[PDB]
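Data block below; observations after.
Just so it is clear, none of the values below were taken in a lab; they were calculated from the coordinates. Here the Cβ positions follow ideal geometry from the backbone for every residue, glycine too, while neighbour counts run over all protein chains shown.
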Amino acid sequence: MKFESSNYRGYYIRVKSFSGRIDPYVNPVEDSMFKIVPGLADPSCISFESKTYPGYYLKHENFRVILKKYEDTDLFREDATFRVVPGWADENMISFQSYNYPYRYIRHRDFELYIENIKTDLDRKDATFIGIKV
Ligand code: NA
C-alpha cells in the first residue's frame, strides 16, 4: 500500500535514510510502499512493513516515525503498532493512532513524520491520509 497526504496531495509517506517523511515524486518510488501486516502488538491493529527492507517496520522512537529492524521486545512491537481510525479531517479518509500512546497520531510537520497530539484543525489535516492499494 501507499499513503497520500490529504492536505498535501501528491505527497506520500516515504522512508528516507531510515526516517519517515512525506515527499512528492518519490524516487525510488518503492520507498513509498509498505506491506500492511497485523499489528505486532495487536492484530486488530496494523503494522507497516518495509517493502524494500523486509523485516523493518515503521515505528515511533522519541515521538519520531522511523524505520527500524524488528526487535523481539514488547516496546518495539508496541512502538510499531497503530490503529486505523476514521480520518481526523475527513471520515472518508484514515488516521493512525499509536497503540501505546493513544492520544498521539501519525502526522507530518515540515514534511517529517511524528506521532503528536491532534489539537487544532491543521493538526487534523496533517494527520489525515488516503490509503492506496498498489
Ligand atoms: Na511533544
Exercise. Tell me which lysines have Cα within less than 18 Å of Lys59's Cα, excluding those fewer than 8 residues away on the same chain?
Worked result: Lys2, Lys16, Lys35, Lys51, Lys68, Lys69
Seminar exercise, completed: Quick calc, the chain, dipole around Cα centre from Cβ unit charges on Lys, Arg (+) and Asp, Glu (-), nearest 20 debye, gives 240
Problem set entry | Semi-axis lengths (Å, descending) of the ellipsoid that matches the C-alpha gyration tensor of the chain | 20, 18, 13
